[PDB]
>>> print(open('final.txt').read())   # compact mmCIF, N, CA and C atoms
# COMPACT_ATOMS: atom_id res chain seq x y z
N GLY Z 1 95.73 2.69 100.78
CA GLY Z 1 94.57 3.47 101.17
C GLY Z 1 93.71 2.76 102.19
N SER Z 2 93.55 1.45 102.02
CA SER Z 2 92.74 0.66 102.94
C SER Z 2 93.25 0.79 104.37
N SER Z 3 94.55 0.57 104.55
CA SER Z 3 95.17 0.66 105.87
C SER Z 3 96.57 1.26 105.78
N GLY Z 4 96.98 1.94 106.83
CA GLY Z 4 98.30 2.56 106.85
C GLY Z 4 98.24 4.05 106.62
N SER Z 5 99.35 4.74 106.88
CA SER Z 5 99.43 6.18 106.69
C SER Z 5 100.80 6.59 106.18
N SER Z 6 100.82 7.25 105.02
CA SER Z 6 102.07 7.70 104.42
C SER Z 6 102.70 8.82 105.24
N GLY Z 7 103.49 8.44 106.24
CA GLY Z 7 104.14 9.43 107.08
C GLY Z 7 103.22 9.95 108.17
N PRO Z 8 103.73 10.91 108.96
CA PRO Z 8 102.96 11.51 110.06
C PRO Z 8 101.82 12.39 109.56
N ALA Z 9 100.82 12.59 110.41
CA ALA Z 9 99.67 13.41 110.05
C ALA Z 9 99.71 14.76 110.77
N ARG Z 10 99.08 15.77 110.17
CA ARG Z 10 99.05 17.10 110.75
C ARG Z 10 97.67 17.41 111.33
N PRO Z 11 97.65 18.13 112.46
CA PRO Z 11 96.41 18.51 113.14
C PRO Z 11 95.60 19.53 112.34
N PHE Z 12 94.28 19.45 112.47
CA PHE Z 12 93.39 20.37 111.76
C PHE Z 12 92.07 20.54 112.51
N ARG Z 13 91.46 21.71 112.37
CA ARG Z 13 90.19 21.99 113.04
C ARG Z 13 89.03 21.87 112.06
N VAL Z 14 87.84 21.61 112.59
CA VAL Z 14 86.65 21.47 111.77
C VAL Z 14 85.43 22.06 112.46
N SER Z 15 84.53 22.64 111.67
CA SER Z 15 83.31 23.25 112.22
C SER Z 15 82.14 23.06 111.26
N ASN Z 16 80.97 22.78 111.82
CA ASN Z 16 79.76 22.58 111.02
C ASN Z 16 79.27 23.90 110.43
N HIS Z 17 78.21 23.82 109.63
CA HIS Z 17 77.65 25.01 109.01
C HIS Z 17 77.28 26.05 110.06
N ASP Z 18 76.84 25.59 111.22
CA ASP Z 18 76.45 26.48 112.31
C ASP Z 18 77.68 27.08 112.98
N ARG Z 19 78.85 26.79 112.42
CA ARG Z 19 80.10 27.31 112.97
C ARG Z 19 80.04 27.37 114.49
N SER Z 20 79.55 26.30 115.11
CA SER Z 20 79.44 26.24 116.56
C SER Z 20 80.25 25.08 117.12
N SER Z 21 80.30 23.99 116.37
CA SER Z 21 81.04 22.80 116.80
C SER Z 21 82.51 22.90 116.40
N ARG Z 22 83.37 22.27 117.18
CA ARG Z 22 84.80 22.29 116.91
C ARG Z 22 85.40 20.90 117.05
N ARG Z 23 85.88 20.35 115.94
CA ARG Z 23 86.48 19.02 115.93
C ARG Z 23 87.90 19.07 115.37
N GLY Z 24 88.86 18.63 116.19
CA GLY Z 24 90.24 18.63 115.76
C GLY Z 24 90.66 17.31 115.15
N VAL Z 25 90.73 17.27 113.82
CA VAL Z 25 91.12 16.06 113.11
C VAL Z 25 92.54 16.17 112.56
N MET Z 26 93.26 15.06 112.55
CA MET Z 26 94.63 15.03 112.05
C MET Z 26 94.75 14.09 110.85
N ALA Z 27 95.37 14.58 109.78
CA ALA Z 27 95.55 13.78 108.58
C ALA Z 27 96.83 14.17 107.85
N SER Z 28 97.44 13.20 107.17
CA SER Z 28 98.68 13.44 106.43
C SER Z 28 98.40 14.18 105.13
N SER Z 29 97.26 13.88 104.51
CA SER Z 29 96.87 14.51 103.26
C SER Z 29 95.45 15.06 103.34
N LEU Z 30 94.96 15.59 102.22
CA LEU Z 30 93.62 16.15 102.17
C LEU Z 30 92.57 15.05 102.13
N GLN Z 31 92.69 14.15 101.16
CA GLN Z 31 91.75 13.05 101.01
C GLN Z 31 91.50 12.37 102.36
N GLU Z 32 92.57 12.06 103.07
CA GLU Z 32 92.47 11.40 104.37
C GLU Z 32 91.57 12.21 105.31
N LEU Z 33 91.93 13.47 105.53
CA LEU Z 33 91.16 14.34 106.41
C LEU Z 33 89.67 14.25 106.09
N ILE Z 34 89.29 14.73 104.91
CA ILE Z 34 87.90 14.71 104.49
C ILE Z 34 87.20 13.44 104.97
N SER Z 35 87.78 12.29 104.64
CA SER Z 35 87.22 11.01 105.04
C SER Z 35 87.05 10.94 106.56
N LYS Z 36 88.05 11.42 107.28
CA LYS Z 36 88.01 11.42 108.74
C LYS Z 36 86.90 12.33 109.26
N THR Z 37 86.94 13.59 108.85
CA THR Z 37 85.94 14.56 109.28
C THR Z 37 84.55 13.93 109.33
N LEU Z 38 84.10 13.41 108.20
CA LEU Z 38 82.79 12.78 108.12
C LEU Z 38 82.57 11.82 109.28
N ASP Z 39 83.54 10.95 109.51
CA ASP Z 39 83.46 9.98 110.60
C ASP Z 39 83.36 10.69 111.95
N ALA Z 40 84.16 11.72 112.13
CA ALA Z 40 84.16 12.48 113.38
C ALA Z 40 82.78 13.09 113.65
N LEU Z 41 82.32 13.92 112.72
CA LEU Z 41 81.02 14.56 112.86
C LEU Z 41 79.89 13.57 112.61
N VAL Z 42 80.25 12.31 112.38
CA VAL Z 42 79.27 11.26 112.13
C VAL Z 42 78.13 11.77 111.24
N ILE Z 43 78.49 12.49 110.18
CA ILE Z 43 77.51 13.03 109.26
C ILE Z 43 76.63 11.92 108.68
N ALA Z 44 75.33 12.20 108.57
CA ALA Z 44 74.38 11.23 108.03
C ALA Z 44 74.87 10.68 106.69
N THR Z 45 75.06 11.56 105.72
CA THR Z 45 75.51 11.16 104.40
C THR Z 45 77.00 11.45 104.22
N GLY Z 46 77.55 11.03 103.08
CA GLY Z 46 78.95 11.25 102.81
C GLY Z 46 79.18 12.42 101.87
N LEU Z 47 78.26 12.61 100.93
CA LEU Z 47 78.37 13.70 99.97
C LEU Z 47 78.45 15.05 100.68
N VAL Z 48 79.67 15.57 100.81
CA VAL Z 48 79.88 16.86 101.46
C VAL Z 48 81.01 17.64 100.79
N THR Z 49 81.14 18.91 101.15
CA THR Z 49 82.17 19.76 100.58
C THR Z 49 83.00 20.43 101.67
N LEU Z 50 84.31 20.22 101.63
CA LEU Z 50 85.22 20.80 102.61
C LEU Z 50 85.81 22.11 102.11
N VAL Z 51 85.73 23.15 102.93
CA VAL Z 51 86.26 24.46 102.57
C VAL Z 51 86.96 25.12 103.75
N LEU Z 52 87.54 26.28 103.51
CA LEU Z 52 88.24 27.02 104.56
C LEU Z 52 87.25 27.81 105.42
N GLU Z 53 87.47 27.79 106.73
CA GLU Z 53 86.60 28.50 107.66
C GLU Z 53 87.00 29.97 107.75
N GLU Z 54 87.74 30.44 106.76
CA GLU Z 54 88.18 31.83 106.73
C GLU Z 54 87.47 32.61 105.62
N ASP Z 55 87.46 32.04 104.42
CA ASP Z 55 86.81 32.68 103.28
C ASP Z 55 85.79 31.74 102.64
N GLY Z 56 85.97 30.44 102.86
CA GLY Z 56 85.06 29.46 102.30
C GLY Z 56 85.56 28.87 101.01
N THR Z 57 86.88 28.75 100.89
CA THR Z 57 87.50 28.20 99.69
C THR Z 57 87.56 26.68 99.75
N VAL Z 58 86.85 26.02 98.84
CA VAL Z 58 86.83 24.56 98.80
C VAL Z 58 88.23 24.00 98.53
N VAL Z 59 88.69 23.14 99.43
CA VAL Z 59 90.01 22.53 99.29
C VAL Z 59 89.91 21.16 98.62
N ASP Z 60 90.08 21.15 97.30
CA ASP Z 60 90.01 19.90 96.54
C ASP Z 60 91.36 19.59 95.90
N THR Z 61 92.42 20.17 96.45
CA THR Z 61 93.77 19.95 95.93
C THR Z 61 94.73 19.55 97.05
N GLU Z 62 95.61 18.61 96.75
CA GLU Z 62 96.58 18.14 97.73
C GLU Z 62 97.71 19.15 97.91
N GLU Z 63 98.12 19.77 96.81
CA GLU Z 63 99.19 20.76 96.85
C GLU Z 63 98.81 21.94 97.75
N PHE Z 64 97.51 22.24 97.80
CA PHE Z 64 97.02 23.34 98.62
C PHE Z 64 96.83 22.90 100.07
N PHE Z 65 96.60 21.61 100.26
CA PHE Z 65 96.40 21.06 101.60
C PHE Z 65 97.74 20.83 102.30
N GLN Z 66 98.80 20.69 101.50
CA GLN Z 66 100.13 20.46 102.05
C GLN Z 66 100.77 21.78 102.49
N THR Z 67 100.15 22.89 102.10
CA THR Z 67 100.66 24.21 102.46
C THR Z 67 100.01 24.72 103.75
N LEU Z 68 98.76 24.32 103.97
CA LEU Z 68 98.03 24.73 105.16
C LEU Z 68 98.81 24.40 106.42
N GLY Z 69 98.86 25.36 107.35
CA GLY Z 69 99.58 25.15 108.59
C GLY Z 69 98.88 24.17 109.51
N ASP Z 70 99.30 24.13 110.77
CA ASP Z 70 98.71 23.23 111.75
C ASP Z 70 97.43 23.83 112.33
N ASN Z 71 96.57 22.97 112.87
CA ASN Z 71 95.32 23.41 113.46
C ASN Z 71 94.57 24.36 112.52
N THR Z 72 94.42 23.93 111.27
CA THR Z 72 93.73 24.74 110.27
C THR Z 72 92.21 24.57 110.37
N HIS Z 73 91.51 25.68 110.52
CA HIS Z 73 90.05 25.66 110.63
C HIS Z 73 89.41 25.35 109.28
N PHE Z 74 88.45 24.44 109.29
CA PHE Z 74 87.75 24.05 108.06
C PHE Z 74 86.24 24.15 108.24
N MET Z 75 85.51 24.13 107.13
CA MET Z 75 84.06 24.21 107.16
C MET Z 75 83.43 23.13 106.28
N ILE Z 76 82.59 22.30 106.88
CA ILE Z 76 81.92 21.23 106.15
C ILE Z 76 80.50 21.62 105.77
N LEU Z 77 80.10 21.26 104.56
CA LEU Z 77 78.76 21.57 104.07
C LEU Z 77 78.14 20.37 103.37
N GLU Z 78 76.86 20.14 103.63
CA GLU Z 78 76.15 19.02 103.02
C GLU Z 78 75.61 19.40 101.64
N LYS Z 79 75.03 18.42 100.95
CA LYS Z 79 74.47 18.66 99.62
C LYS Z 79 73.36 19.70 99.67
N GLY Z 80 73.74 20.97 99.70
CA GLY Z 80 72.77 22.04 99.75
C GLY Z 80 73.07 23.06 100.83
N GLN Z 81 74.35 23.34 101.03
CA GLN Z 81 74.77 24.30 102.04
C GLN Z 81 76.00 25.08 101.58
N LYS Z 82 76.06 26.35 101.96
CA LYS Z 82 77.18 27.21 101.59
C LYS Z 82 77.96 27.66 102.82
N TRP Z 83 79.17 28.16 102.60
CA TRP Z 83 80.01 28.63 103.69
C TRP Z 83 79.55 29.99 104.19
N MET Z 84 79.86 30.29 105.45
CA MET Z 84 79.48 31.57 106.04
C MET Z 84 80.57 32.08 106.98
N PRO Z 85 80.76 33.41 106.99
CA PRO Z 85 81.77 34.05 107.84
C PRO Z 85 81.42 33.99 109.32
N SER Z 86 82.28 34.56 110.15
CA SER Z 86 82.06 34.56 111.60
C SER Z 86 80.91 35.49 111.97
N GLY Z 87 79.86 34.92 112.54
CA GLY Z 87 78.71 35.71 112.93
C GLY Z 87 79.09 36.90 113.80
N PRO Z 88 78.35 38.00 113.65
CA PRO Z 88 78.60 39.23 114.41
C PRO Z 88 78.25 39.08 115.89
N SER Z 89 77.39 38.10 116.19
CA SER Z 89 76.97 37.85 117.56
C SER Z 89 76.17 36.56 117.66
N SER Z 90 76.13 35.98 118.85
CA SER Z 90 75.39 34.74 119.08
C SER Z 90 74.23 34.97 120.04
N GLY Z 91 73.03 35.10 119.48
CA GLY Z 91 71.85 35.31 120.31
C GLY Z 91 70.75 36.03 119.56
>>> encode(input="final.txt", output="C-alpha cells")
Amino acid sequence: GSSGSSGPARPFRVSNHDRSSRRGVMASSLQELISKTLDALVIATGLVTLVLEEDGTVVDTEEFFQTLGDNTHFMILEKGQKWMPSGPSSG
C-alpha cells in the first residue's frame, strides 16, 4: 500500500459538488482512486464521500469498482454535502 501498484490502473473522471470541475484520475482499485482524487482536487480535508456522477451512488465496494468502465464520472462530497444531477442550465 505504501508504494507500488497491483497491476495497471484504469482511467476515471471526477467532479466537485458544483459539477463544474473535471479531473481525470487513474487507479487500479477503488481505495487507490479515492486517495488520489483528494490529492488531485487538493481538498482541504480528507473526510469525503465518493459517489457516481450519474445517480449519486456511493462507491464503497471494490467488486463494484472493478465493474465500472473506463473514464467513469464520479462525484466527491465533503462532510456535509450531497450528490446532485446535471443542472438544467448554467446561469
>>> residues_around(input="final.txt", residues="segment 62-74 of chain Z", least_positions_apart="2", cutoff="8 Å", atoms="only C-alpha atoms", output="PyMOL selection string")
chain Z and resi 10-15+24+29-31+50-54+59-60+76
>>> write_last_selection(input="final.txt", atoms="N, CA and C atoms", output="mmCIF file, in the coordinates of the input")
data_model
loop_
_atom_site.group_PDB
_atom_site.id
_atom_site.type_symbol
_atom_site.label_atom_id
_atom_site.label_comp_id
_atom_site.auth_asym_id
_atom_site.auth_seq_id
_atom_site.Cartn_x
_atom_site.Cartn_y
_atom_site.Cartn_z
ATOM 1 N N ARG Z 10 99.080 15.770 110.170
ATOM 2 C CA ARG Z 10 99.050 17.100 110.750
ATOM 3 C C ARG Z 10 97.670 17.410 111.330
ATOM 4 N N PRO Z 11 97.650 18.130 112.460
ATOM 5 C CA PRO Z 11 96.410 18.510 113.140
ATOM 6 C C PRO Z 11 95.600 19.530 112.340
ATOM 7 N N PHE Z 12 94.280 19.450 112.470
ATOM 8 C CA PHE Z 12 93.390 20.370 111.760
ATOM 9 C C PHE Z 12 92.070 20.540 112.510
ATOM 10 N N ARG Z 13 91.460 21.710 112.370
ATOM 11 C CA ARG Z 13 90.190 21.990 113.040
ATOM 12 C C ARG Z 13 89.030 21.870 112.060
ATOM 13 N N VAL Z 14 87.840 21.610 112.590
ATOM 14 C CA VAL Z 14 86.650 21.470 111.770
ATOM 15 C C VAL Z 14 85.430 22.060 112.460
ATOM 16 N N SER Z 15 84.530 22.640 111.670
ATOM 17 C CA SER Z 15 83.310 23.250 112.220
ATOM 18 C C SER Z 15 82.140 23.060 111.260
ATOM 19 N N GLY Z 24 88.860 18.630 116.190
ATOM 20 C CA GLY Z 24 90.240 18.630 115.760
ATOM 21 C C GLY Z 24 90.660 17.310 115.150
ATOM 22 N N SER Z 29 97.260 13.880 104.510
ATOM 23 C CA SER Z 29 96.870 14.510 103.260
ATOM 24 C C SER Z 29 95.450 15.060 103.340
ATOM 25 N N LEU Z 30 94.960 15.590 102.220
ATOM 26 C CA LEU Z 30 93.620 16.150 102.170
ATOM 27 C C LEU Z 30 92.570 15.050 102.130
ATOM 28 N N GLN Z 31 92.690 14.150 101.160
ATOM 29 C CA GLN Z 31 91.750 13.050 101.010
ATOM 30 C C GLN Z 31 91.500 12.370 102.360
ATOM 31 N N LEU Z 50 84.310 20.220 101.630
ATOM 32 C CA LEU Z 50 85.220 20.800 102.610
ATOM 33 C C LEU Z 50 85.810 22.110 102.110
ATOM 34 N N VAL Z 51 85.730 23.150 102.930
ATOM 35 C CA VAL Z 51 86.260 24.460 102.570
ATOM 36 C C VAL Z 51 86.960 25.120 103.750
ATOM 37 N N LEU Z 52 87.540 26.280 103.510
ATOM 38 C CA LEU Z 52 88.240 27.020 104.560
ATOM 39 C C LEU Z 52 87.250 27.810 105.420
ATOM 40 N N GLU Z 53 87.470 27.790 106.730
ATOM 41 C CA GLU Z 53 86.600 28.500 107.660
ATOM 42 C C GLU Z 53 87.000 29.970 107.750
ATOM 43 N N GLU Z 54 87.740 30.440 106.760
ATOM 44 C CA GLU Z 54 88.180 31.830 106.730
ATOM 45 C C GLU Z 54 87.470 32.610 105.620
ATOM 46 N N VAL Z 59 88.690 23.140 99.430
ATOM 47 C CA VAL Z 59 90.010 22.530 99.290
ATOM 48 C C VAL Z 59 89.910 21.160 98.620
ATOM 49 N N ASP Z 60 90.080 21.150 97.300
ATOM 50 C CA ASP Z 60 90.010 19.900 96.540
ATOM 51 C C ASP Z 60 91.360 19.590 95.900
ATOM 52 N N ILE Z 76 82.590 22.300 106.880
ATOM 53 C CA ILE Z 76 81.920 21.230 106.150
ATOM 54 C C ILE Z 76 80.500 21.620 105.770
#
>>> atom_distance(input="final.txt", atom1="atom CA of residue 40 of chain Z", atom2="atom C of residue 21 of chain Z")
11.0 Å
>>> residues_around(input="final.txt", residues="residue 80 of chain Z", least_positions_apart="5", cutoff="12 Å", atoms="only C-alpha atoms", output="ChimeraX atom specification")
/Z:17,47-49
>>> select_by_dssp(input="final.txt", residues="chain Z", states="strand (DSSP E)", output="list in words")
residues 10, 11, 12, 13, 14, 15, 23, 24, 25, 26, 27, 48, 49, 50, 51, 52, 72, 73, 74, 75, 76, 77 and 78 of chain Z
>>> atom_distance(input="final.txt", atom1="atom N of residue 46 of chain Z", atom2="atom C of residue 87 of chain Z")
28.0 Å
>>> atom_distance(input="final.txt", atom1="atom CA of residue 22 of chain Z", atom2="atom CA of residue 35 of chain Z")
16.6 Å
>>> build_atoms(input="final.txt", residues="segment 1-27 of chain Z", atoms="N, CA, C and O atoms", output="compact mmCIF listing (two decimals), in the coordinates of the input")
# COMPACT_ATOMS: atom_id res chain seq x y z
N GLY Z 1 95.73 2.69 100.78
CA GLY Z 1 94.57 3.47 101.17
C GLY Z 1 93.71 2.76 102.19
O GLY Z 1 93.21 3.38 103.13
N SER Z 2 93.55 1.45 102.02
CA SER Z 2 92.74 0.66 102.94
C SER Z 2 93.25 0.79 104.37
O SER Z 2 92.49 1.08 105.29
N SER Z 3 94.55 0.57 104.55
CA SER Z 3 95.17 0.66 105.87
C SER Z 3 96.57 1.26 105.78
O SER Z 3 97.26 1.10 104.77
N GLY Z 4 96.98 1.94 106.83
CA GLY Z 4 98.30 2.56 106.85
C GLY Z 4 98.24 4.05 106.62
O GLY Z 4 97.21 4.59 106.20
N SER Z 5 99.35 4.74 106.88
CA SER Z 5 99.43 6.18 106.69
C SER Z 5 100.80 6.59 106.18
O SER Z 5 101.82 6.33 106.82
N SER Z 6 100.82 7.25 105.02
CA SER Z 6 102.07 7.70 104.42
C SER Z 6 102.70 8.82 105.24
O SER Z 6 102.47 10.00 104.98
N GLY Z 7 103.49 8.44 106.24
CA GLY Z 7 104.14 9.43 107.08
C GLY Z 7 103.22 9.95 108.17
O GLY Z 7 102.08 9.51 108.32
N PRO Z 8 103.73 10.91 108.96
CA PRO Z 8 102.96 11.51 110.06
C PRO Z 8 101.82 12.39 109.56
O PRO Z 8 101.84 12.87 108.42
N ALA Z 9 100.82 12.59 110.41
CA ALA Z 9 99.67 13.41 110.05
C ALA Z 9 99.71 14.76 110.77
O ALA Z 9 100.29 14.88 111.85
N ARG Z 10 99.08 15.77 110.17
CA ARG Z 10 99.05 17.10 110.75
C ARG Z 10 97.67 17.41 111.33
O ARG Z 10 96.64 17.00 110.79
N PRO Z 11 97.65 18.13 112.46
CA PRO Z 11 96.41 18.51 113.14
C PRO Z 11 95.60 19.53 112.34
O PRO Z 11 96.16 20.37 111.64
N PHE Z 12 94.28 19.45 112.47
CA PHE Z 12 93.39 20.37 111.76
C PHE Z 12 92.07 20.54 112.51
O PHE Z 12 91.62 19.62 113.19
N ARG Z 13 91.46 21.71 112.37
CA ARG Z 13 90.19 21.99 113.04
C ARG Z 13 89.03 21.87 112.06
O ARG Z 13 89.21 22.01 110.85
N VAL Z 14 87.84 21.61 112.59
CA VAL Z 14 86.65 21.47 111.77
C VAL Z 14 85.43 22.06 112.46
O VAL Z 14 85.30 21.99 113.68
N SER Z 15 84.53 22.64 111.67
CA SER Z 15 83.31 23.25 112.22
C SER Z 15 82.14 23.06 111.26
O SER Z 15 82.29 23.16 110.04
N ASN Z 16 80.97 22.78 111.82
CA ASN Z 16 79.76 22.58 111.02
C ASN Z 16 79.27 23.90 110.43
O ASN Z 16 79.84 24.96 110.70
N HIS Z 17 78.21 23.82 109.63
CA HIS Z 17 77.65 25.01 109.01
C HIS Z 17 77.28 26.05 110.06
O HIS Z 17 77.38 27.26 109.81
N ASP Z 18 76.84 25.59 111.22
CA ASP Z 18 76.45 26.48 112.31
C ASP Z 18 77.68 27.08 112.98
O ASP Z 18 77.57 27.80 113.97
N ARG Z 19 78.85 26.79 112.42
CA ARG Z 19 80.10 27.31 112.97
C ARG Z 19 80.04 27.37 114.49
O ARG Z 19 80.43 28.38 115.10
N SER Z 20 79.55 26.30 115.11
CA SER Z 20 79.44 26.24 116.56
C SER Z 20 80.25 25.08 117.12
O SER Z 20 80.82 25.17 118.21
N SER Z 21 80.30 23.99 116.37
CA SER Z 21 81.04 22.80 116.80
C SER Z 21 82.51 22.90 116.40
O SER Z 21 82.85 23.54 115.40
N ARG Z 22 83.37 22.27 117.18
CA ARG Z 22 84.80 22.29 116.91
C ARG Z 22 85.40 20.90 117.05
O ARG Z 22 85.43 20.33 118.14
N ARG Z 23 85.88 20.35 115.94
CA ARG Z 23 86.48 19.02 115.93
C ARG Z 23 87.90 19.07 115.37
O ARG Z 23 88.12 19.48 114.24
N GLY Z 24 88.86 18.63 116.19
CA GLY Z 24 90.24 18.63 115.76
C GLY Z 24 90.66 17.31 115.15
O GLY Z 24 90.91 16.34 115.86
N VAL Z 25 90.73 17.27 113.82
CA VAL Z 25 91.12 16.06 113.11
C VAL Z 25 92.54 16.17 112.56
O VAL Z 25 92.97 17.25 112.15
N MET Z 26 93.26 15.06 112.55
CA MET Z 26 94.63 15.03 112.05
C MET Z 26 94.75 14.09 110.85
O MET Z 26 94.29 12.95 110.90
N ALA Z 27 95.37 14.58 109.78
CA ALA Z 27 95.55 13.78 108.58
C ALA Z 27 96.83 14.17 107.85
O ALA Z 27 97.26 15.32 107.90
